[PDB]
4 protein chains.
Amino acid sequence: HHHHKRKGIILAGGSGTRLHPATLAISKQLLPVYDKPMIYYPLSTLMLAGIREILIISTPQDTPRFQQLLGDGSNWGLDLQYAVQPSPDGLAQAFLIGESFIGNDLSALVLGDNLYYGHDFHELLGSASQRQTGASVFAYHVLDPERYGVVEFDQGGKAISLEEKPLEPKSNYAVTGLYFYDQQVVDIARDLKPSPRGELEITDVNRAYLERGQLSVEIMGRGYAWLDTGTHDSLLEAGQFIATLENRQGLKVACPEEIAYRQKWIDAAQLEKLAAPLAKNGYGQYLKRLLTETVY
Amino acid sequence: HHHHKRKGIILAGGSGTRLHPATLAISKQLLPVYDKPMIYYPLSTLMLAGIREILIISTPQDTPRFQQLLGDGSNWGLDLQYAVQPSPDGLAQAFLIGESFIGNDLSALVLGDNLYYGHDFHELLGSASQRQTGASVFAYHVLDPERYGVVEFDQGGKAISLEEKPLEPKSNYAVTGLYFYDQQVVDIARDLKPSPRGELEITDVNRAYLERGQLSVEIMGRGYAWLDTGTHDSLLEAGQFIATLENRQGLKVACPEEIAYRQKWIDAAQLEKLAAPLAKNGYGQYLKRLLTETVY
Amino acid sequence: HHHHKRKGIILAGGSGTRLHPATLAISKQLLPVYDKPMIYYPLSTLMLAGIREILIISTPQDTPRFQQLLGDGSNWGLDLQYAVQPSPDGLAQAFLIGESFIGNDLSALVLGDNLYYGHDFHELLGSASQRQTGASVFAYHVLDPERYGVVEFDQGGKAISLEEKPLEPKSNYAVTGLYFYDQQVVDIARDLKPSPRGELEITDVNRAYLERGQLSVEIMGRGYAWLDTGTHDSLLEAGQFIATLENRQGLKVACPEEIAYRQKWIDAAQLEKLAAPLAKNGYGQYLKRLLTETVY
Amino acid sequence: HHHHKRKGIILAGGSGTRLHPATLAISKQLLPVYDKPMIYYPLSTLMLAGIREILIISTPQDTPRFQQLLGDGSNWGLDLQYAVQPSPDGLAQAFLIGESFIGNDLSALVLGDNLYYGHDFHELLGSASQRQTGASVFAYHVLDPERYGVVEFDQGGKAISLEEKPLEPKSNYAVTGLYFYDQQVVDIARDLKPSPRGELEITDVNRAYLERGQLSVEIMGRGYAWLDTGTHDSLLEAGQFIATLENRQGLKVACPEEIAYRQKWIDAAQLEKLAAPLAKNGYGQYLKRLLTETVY
Ligand SMILES: CN(c1c(N)n(Cc2ccccc2Br)c(=O)[nH]c1=O)S(=O)(=O)c1ccccc1
Ligand SMILES: CN(c1c(N)n(Cc2ccccc2Br)c(=O)[nH]c1=O)S(=O)(=O)c1ccccc1
Ligand SMILES: CN(c1c(N)n(Cc2ccccc2Br)c(=O)[nH]c1=O)S(=O)(=O)c1ccccc1
Ligand SMILES: CN(c1c(N)n(Cc2ccccc2Br)c(=O)[nH]c1=O)S(=O)(=O)c1ccccc1
Ligand SMILES: [Cl-]
Ligand SMILES: [Cl-]
Ligand SMILES: [Cl-]
Ligand SMILES: [Cl-]
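Residues numbered from 1 in each chain as written, not as in the entry; some residues may be left out. Chains lettered and ligands numbered in written order. Heavy atoms only, no water.

- The deposited coordinates derive from X-ray crystallography, with the record listing a resolution of 2.200 Å.

Structure follows, in structure tokens:
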């Protein structure tokens, strides 16, 4: 136990009224994507990147529920802490809210409703996580880049501009909801002004690194799935996508107890205890099977 | 001493740990089925039976959230009351919990995780609602009767036995989660002894009515969909099913605002106000279109 | 000189290049919807109307394949004939191609890519089939009327105009792909002039009947599913929709063997033989179960 | 044009009666998976492995249809040839049928109903394709390894046995439907005897390489999708899986014209011509867009 290198933040704050009435009772990032709470996925992304000290930011109403779901992290070899965003005034506000949590360390922000799947994903993040200066982002080809921060490249494949929700996007490349930053991000976030939309823009954070030549924009290839959670239709597809992978394989995607176990943050003895409450359903069954099966 | 309509109950309590970890932060009946919380579907079903006075039974933990979503019903021409079920002791327990709520009235119990769709469904509920003594249930042909209460019929089509979760079902006709009762149900329920599963069984209730010759079983035809919400798989399918119908039709299934509007429990002016806070999203836009479209 | 029942047509011709490359090797109406060829669904629809004598219209290239699948109908208590449509010149062309087949009889046209599901669907088809003069069509509320023939109603609910693919639909009520005709349709069809699209339009046919006051439009309610097969997306959804119903119920939608059995066009002994060559798979096992289960 | 290094074979032969009636009219590998014929996927796998000379083996009935779909290959920079398997007497029969096509060259067999997706898939195949001696296979963790050829590993992660459809599988690792072989496979196939099931087993081919220490079994990781096409349910999931990837990305999976174009087997001028017939639908639109868009 802990009373209060790279730190993680999950920004799991309010989506406004766009998925109401589904999200009227509870924020989106506590709803299941197939067999597990949405937040398990970005949590799992951070743990895959090797990050164990992690701040979860949510609305004032829902922190108790996040706190309840995940606890202090210790049962999974994590050190979790919690903070609140009172209004949805931009994703960069994560760096103001998390300022004292970050301290003097390196950091990474993941959106709490972002789903990543694919091969060698541990290596793709460990590469960004090892770059100790500047920021690292990921660009992914999408059909509807107007909804996102859009990267423009020159003919030699070098990032030359970023634009948030452009009316005429410059490419089909969109910045995904996963960001790695050095010790400069907090101080860049403090200097931000609200945009025409009344938000502290993460795209402004990232343009400040671009303007200094310190932004690494790596291509996240078509062979990776960055799954859309923005619409009722896209939530549905995501659960369909995860279910098809888990049913085919008899292996789970973004099972935090398993990831902990593979990183050796918990031992056999602890995994076994975590299997015990859930032993009557499939998820406890999965976790027990992992004790005696070799999975390459 | 000397003496001189039908209330509804929705049971939306603990699904224990069945669907953990998806349901760890929030109870099943608030998870979305496509674009609206699951509890809207059975609420709509009672509304369609003509029932305006309704008791929602939930866990102590989740009652506030049902209340936040649903309020007192006044916005939709209903009256909603709340009660808690501290321990999931079985479905027949709704009648003890709801004894003061029911009083000397007729009742209807609906499971808070049961979705229905189909044609003349209003009329099928009308005929059970207007049967003023005894009980009515609905029998539906399912692939896996062993999971349900099962009705055995004789060669005349008459109901002759009921068995809860039989290993060797006598038919494929499962009893759906919607039950209509006369003034005898509370007394029947008080006398029940817990099953060996540690549960007060709705099927024991229906058997009492059967043994007194006061149980109408109606067939809910194959042209109706009675959807499965028991697993992560079936839940996903339930969302796909609704999405497909609403995207095809430009009409919603189980939109409580709409149903109150068509029942004339609320007027055009009242519906316009309900639309306003959701005007940016599709749900609010749909409520608005209903004002100026004849829909047959 | 001196003179003294209803045939069906299924149009399963060229979808041109719309769904190429999926449909390059094989026509649309033979692609599966879940577990059975698409053409089974509209065939089943005619069977449900009581119609036993049926002409299948396909491309010259694909007729052998319809014939290999369906034969002459004798196995299922029907009589199937075949005709070809060398150029996709429009739906009303079915009446010229099928003129000798129809003779002096009543008719019914069904599109070979149109799926229907719902309750009392038998009865809804019964009332159109038994209307012996004029034409009957069905109007269904859709999200995208602009893609269909659209019915405009006056405030009494009476059909007053029909428009093919209007840019500004007068209602959301599209005319479904199922049409019932008296002995005037062939003559109406011979007189049509091609539309500017180079097509003989079914909607022109229905307008002739409207202008003579002999067009019944019945509403196919929202409790019916009329499924979309026009796109790769909608097709996939159509398979998901059927799969969900059949997996839930342990019953099939549009199983022609079953429907002949229940119509008493074939007997138990005949159905047992049809089951045999499919006995290893689920379809054959289902046919076998139908012999020894009462299904209401 | 060509009249009749590594060669490819696609075995797209009969699945018997297990998907009847869906497959009664046409073999499975000509049915669409979402927007394209199933065979496009394994074709695309071979082209991704750098293989351009390719033999397509099908039933006698369906060769004309495969021939019709794909032609001589020349429009896509391939050299296709066709041959027939008269009865389904085992996957190893591909090497007897293809003996003279193979000649003295290296070879690779892909099953015509196998779908692969994932990142760095070009590199994973180019590694197997470069190993000039022995055979290379892939092992993938699945839920139901009894259906497949199953690999057993020792504690150091070395393949020590292969078993075809074991009643008690030794691991959850299954051999996928993609095989690379040197000049020995033809002569090993000729010496095979039929199994207890009356088939020339590909697993026997691969055990012969294992017994000689010449089988490379590489793990295909959980971050890759090997999609199941064996059941109606699994076909459906696959089309759902592909559609979700293509709709999110605005990029296609296994578009052979695109792969050809990226390998430089056809130029801009040719791609443009292939866009022309399909210009009115999305797939022609996709191909034209590829002329003027840089996709990393
Ligand atoms: C399918 N993936 C996955 C894995 N690859 N792994 C393997 C794993 C686990 C711990 C450390 C490295 C690796 Br590789 C795992 O244990 N769980 C997984 O869900 S993943 O890398 O694409 C992924 C991990 C976490 C969140 C989202 C996807
Ligand atoms: C699709 N259905 C439906 C309707 N039929 N209706 C029409 C309606 C509304 C009020 C009273 C009668 C009728 Br009919 C509606 O307004 N909303 C609906 O969702 S239903 O009858 O099958 C249904 C009602 C309530 C919950 C689930 C399905
Ligand atoms: C689900 N339906 C259905 C049925 N209702 N029936 C029952 C049936 C059969 C023959 C005659 C009347 C009736 Br009811 C059946 O045997 N197979 C069916 O698929 S349906 O009436 O909506 C339908 C029939 C034909 C094609 C598509 C749907
Ligand atoms: C999504 N994939 C994919 C690609 N990766 N590519 C990129 C590509 C194309 C040609 C040569 C190398 C690469 Br990388 C492509 O052009 N089409 C694709 O479908 S894939 O490598 O996983 C794949 C290719 C072919 C069949 C099945 C999957
Ligand atoms: Cl990639
Ligand atoms: Cl019915
Ligand atoms: Cl209806
Ligand atoms: Cl992997």
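Following the structure, the description resumes.
## What to know about the UniProt feature "binding site: dTMP 3" (unreviewed entry) in chain A
For step 1, the next point in the chain: The positions that UniProt labels "binding site: dTMP 3" (unreviewed entry) are, in the present scheme, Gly 118, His 119, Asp 120, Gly 223, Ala 254 and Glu 258 of chain A. A maximum C-alpha distance of 23.5 Å shows the annotated residues, which cover 141 residues in sequence, to be distributed over more than one spot.
For step 2, the next point in the chain: With respect to the helices, strands and loops of the structure, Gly 223 of chain A is situated in the loop between β13 (215-219) and β14 (225-227).
For step 3, the next point in the chain: The exposure class assigned to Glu 258 of chain A is buried, which follows from its relative accessible area of 3%.
For step 4, the next point in the chain: Look past the residues within four positions of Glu 258 of chain A in its chain and what remains in contact with it is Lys 252, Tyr 286 and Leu 290 of chain A together with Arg 222 of chain D. (UniProt positions renumbered as here; feature names shortened; annotations may be inferred. Helix = DSSP H or I, 4+ residues; strand = E, 2+ residues; numbered from the N terminus. Buried < 20%, exposed > 50% of the residue type's maximum accessible area, 1.4 Å probe, protein only. Contact = heavy atoms within 4.5 Å.)

## Regarding a negative patch on the surface
For step 1, the next point in the chain: Taken together, the side chains of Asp 120 and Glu 123 of chain A together with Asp 120 and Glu 123 of chain D make up a negatively charged region of the molecular surface.
For step 2, the next point in the chain: Residue placement: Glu 123 of chain A occurs in helix α5 (residues 121-130). (Patch = residues over 30% accessible without salt bridge, like charges linked within 9 Å, V, L, I, M, F, W, Y side chains within 5 Å. Areas by Shrake-Rupley, 256 points an atom, 1.4 Å probe, with all protein chains shown as cover. Salt bridge = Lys/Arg side-chain N within 4 Å of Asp/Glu carboxyl O. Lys, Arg positive; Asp, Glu negative; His and termini not counted. Charge placed at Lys NZ, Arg CZ, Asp CG, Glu CD.)

## Quick word on the pairing of strand β4 (residues 53-58) of chain B
Residue and element names in this part refer to chain B.
For step 1, the next point in the chain: Most of β4 sits out of view: five of its six residues are buried.
For step 2, the next point in the chain: The pairing of strand β1 (residues 6-12) with β4 spans five bridges and is parallel. Following the sheet pairing, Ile 9 is matched in β4 by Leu 55.
For step 3, the next point in the chain: Direction of pairing for β4 relative to strand β5 (residues 79-84): parallel, over a ladder of six bridges. Counterpart to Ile 56 in the pairing with β5 is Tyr 82.
For step 4, the next point in the chain: Crossover connection from β4 via helix α2 (residues 63-70) to parallel β5: handedness right-handed. (Pairing = 2+ DSSP bridges. Right-handed = clockwise from strand over helix to strand, strands pointing away.)

## Concerning the UniProt feature "binding site: dTMP 1" (unreviewed entry) in chain A
All names here are of chain A.
For step 1, the next point in the chain: Taken from the UniProt record, the annotation "binding site: dTMP 1" (unreviewed entry) applies to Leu 11, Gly 13, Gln 29, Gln 85, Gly 90 and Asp 113.
For step 2, the next point in the chain: Note on placement: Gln 29 falls in the loop between β1 (6-12) and β2 (32-33).
For step 3, the next point in the chain: When its relative accessible area of 4% is taken as the criterion, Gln 29 is described as buried.
For step 4, the next point in the chain: For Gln 29, the contacting residues outside a window of four places in its chain are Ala 12, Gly 13, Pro 37, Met 38, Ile 39, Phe 66, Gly 112 and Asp 113.
For step 5, the next point in the chain: Engagement of the side chain of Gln 29 in a polar contact is seen with the backbone oxygen of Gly 13, the distance being 2.9 Å.
For step 6, the next point in the chain: Mapped onto the elements, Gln 85 comes out in the loop between β5 (79-84) and α3 (93-97).
For step 7, the next point in the chain: With near-sequence residues (within four places) excluded, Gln 85 lies in contact with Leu 11, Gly 13, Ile 57, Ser 58, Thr 59, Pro 60, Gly 90, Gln 93 and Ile 97. (Polar contact = N/O pair within 3.5 Å; in protein donor to acceptor, adjacent residues only side chain to side chain.)

## Digging into the site of ligand 2
Residue and element names in this part refer to chain B.
For step 1, the next point in the chain: Around ligand 2, a shell composed of 16 residues is seen, among which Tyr 116, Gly 118, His 122, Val 253 and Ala 254 lie nearest.
For step 2, the next point in the chain: Within the backbone of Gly 118, a nitrogen or oxygen atom sits 2.9 Å from an oxygen atom of ligand 2.
For step 3, the next point in the chain: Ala 254 is positioned with one of its backbone polar atoms (N or O) 2.9 Å from an oxygen atom of ligand 2.
For step 4, the next point in the chain: Its free accessible area being 560 Å², ligand 2 has 87% of it covered by the protein chains. (Near = heavy atom within 4 Å.)

## As for the interface of chain B and chain C
Buried accessible area, meaning the area lost when the parts come together, often serves as the stated size of an interface.
For step 1, the next point in the chain: Facing 42 residues of chain B, the contacting portion of chain C comprises 42 residues.
For step 2, the next point in the chain: Taken over both partners, the interface formed by chain B and chain C buries close to 3,500 Å², and the fraction arising from carbon and sulfur atoms is 51%.
For step 3, the next point in the chain: Ranking the residues of chain B by area buried against chain C places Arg 222, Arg 248 and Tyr 296 of chain B at the top, with a combined share of 27%.
For step 4, the next point in the chain: Summed over the shared surface of chain B and chain C, the result is four salt bridges.
For step 5, the next point in the chain: For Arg 222 of chain C, the salt bridge is made with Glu 258 of chain B, and the minimal N-O distance between the two is 2.8 Å.
For step 6, the next point in the chain: Seen at the junction of chain B and chain C, the total is 38 residue pairs in polar contact.
For step 7, the next point in the chain: When residues of the side of chain B that touches chain C are traced back to their parent elements, those giving at least two are β8 (135-141), β14 (225-227), α8 (232-249), α9 (256-263) and α11 (282-290) of chain B.
For step 8, the next point in the chain: Tallying contributions element by element places α8 of chain B first for the side of chain B that touches chain C, with seven residues. (Buried area = accessible area lost by both parts, 1.4 Å probe.)

## Considerations on the relation of the copies chain D and chain A
These two copies of the chain differ by a rotation about an axis and a displacement along the same axis.
For step 1, the next point in the chain: Superposition of chain D onto chain A requires a rotation of 180° combined with a translation of 0.0 Å along the rotation axis, giving an RMSD of 0.0 Å. Given the turn and translation reported, the copies of this chain are related as if by a two-fold rotation axis.
For step 2, the next point in the chain: Mapped onto chain A, 100% of the interface residues of chain D again fall at the interface, so both copies present the same surface. (Least-squares fit on C-alpha atoms.)

## Considerations on the site of ligand 4
Residues and elements named next belong to chain D.
For step 1, the next point in the chain: With respect to spatial proximity, 15 residues lie near ligand 4, and among them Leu 48, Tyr 116, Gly 118, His 122 and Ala 254 are the closest.
For step 2, the next point in the chain: Here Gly 118 contributes a backbone N or O atom positioned 3.0 Å from an oxygen atom of ligand 4.
For step 3, the next point in the chain: A distance of 2.9 Å separates an oxygen atom of ligand 4 from a polar atom in the backbone of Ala 254.
For step 4, the next point in the chain: Coverage of ligand 4 by the protein chains reaches 87% of its 560 Å² of free accessible surface.
For step 5, the next point in the chain: Within the residue set of the shell around ligand 4, elements represented by two or more residues are α1 (40-48), α5 (121-130) and α9 (256-263).
For step 6, the next point in the chain: Of the residues forming the shell around ligand 4, the biggest block, four residues, is contributed by α1.
For step 7, the next point in the chain: Across the shell around ligand 4, the residue classes break down as seven nonpolar, four polar and four charged. (Nonpolar A, V, L, I, M, F, W, Y, C, P; charged D, E, K, R; others polar.)

## Regarding the environment of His 1 of chain D
All names here are of chain D.
For step 1, the next point in the chain: By the secondary structure assignment, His 1 is in the segment before β1 (6-12).
For step 2, the next point in the chain: We classify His 1 as exposed; its relative accessible area is 83%.
For step 3, the next point in the chain: With residues up to four places along the chain from it excluded, the contact list for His 1 reads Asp 72 and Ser 74.
For step 4, the next point in the chain: Polar side-chain contacts of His 1 include one of 3.2 Å to the side chain of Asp 72.

## Examining the interface of chain D and chain A
For step 1, the next point in the chain: Counting residues at the interface gives 42 residues for chain D and 42 residues for chain A.
For step 2, the next point in the chain: The three residues of chain D that bury the most area against chain A are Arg 222, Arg 248 and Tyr 296 of chain D, which together make up 27% of that side's buried surface.
For step 3, the next point in the chain: At the junction of chain D with chain A, the criterion picks out four salt bridges.
For step 4, the next point in the chain: Here chain D and chain A share 32 residue pairs in polar contact between them.
For step 5, the next point in the chain: Counting residues per element, the ones that place at least two in the side of chain D that touches chain A are β8 (135-141), β14 (225-227), α8 (232-249), α9 and α11 (282-292) of chain D.
For step 6, the next point in the chain: Among the elements that line the side of chain D that touches chain A, the one with the most residues is α8 of chain D, at eight residues.

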